[PDB]
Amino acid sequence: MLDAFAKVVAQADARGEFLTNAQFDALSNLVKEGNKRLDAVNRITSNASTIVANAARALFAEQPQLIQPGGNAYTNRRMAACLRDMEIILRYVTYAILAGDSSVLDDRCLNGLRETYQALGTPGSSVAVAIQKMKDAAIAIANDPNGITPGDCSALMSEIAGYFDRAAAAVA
């Protein structure tokens, strides 16, 4: 996989070049913004169980056909698998946040996922809704101004939203 730094290095190597004054400045800024990134990962991770459970409850309340006998989330084994998927997706999204790049999310999670759901008969459009719910909850938690040094994390939240939407699009 790659993180934001390795990504720039890989691009420079393909061209056989040393980094430019600008590239150095860009990477240095990422470092200066590191604290905020660490807070977002810690905050989301620390509330992972509630983010998944709350999103799952909301999904089934909105879409009761999923839990109705015959539905794809009916039976404990399917419900467990569904809950697991939510947790897995959230897990990989947080990895992307820490890395500052979506490579790990794309390679280890999203790639081939749509084809997996199609083969199983799982409604990807419904998974997308679940992802969107976790997205809104994850950002509200990460960007909560309480109990943290005051500052602007808007760019980071936009980046985080991007990963969630990316995952949602990969299944929807």
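Between two forms, the rigid core is the largest collection of C-alphas that superpose within 1.5 Å. The first residue of the sequence shown is number 1, and the count goes up from there.
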| task | Find the stretch among 22 to 30 and 100 to 108 with the larger RMS C-alpha deviation in 6 other deposited structures of this protein, all structures being superposed on the shown form by the rigid core. | result | 22 to 30
| query | When the core is superposed, where do the C-alphas shift more in 6 other deposited structures of this protein: in 13 to 21 or in 159 to 167? | reply | 13 to 21
| query | Looking at the deposited entry, does 34 to 42 or 123 to 131 carry the larger mean Cα B-factor? | reply | 123 to 131
| field | Greater mean Cα temperature factor according to the PDB record, 86 to 94 or 68 to 76 | value | 68 to 76
| request: Please pick out which of 61, 140, 48, 27 has the largest Cα B-factor as recorded in the entry. | output: 27
| Third of the chain's Cα B-factor distribution that residue 22 belongs to, per the entry | highest
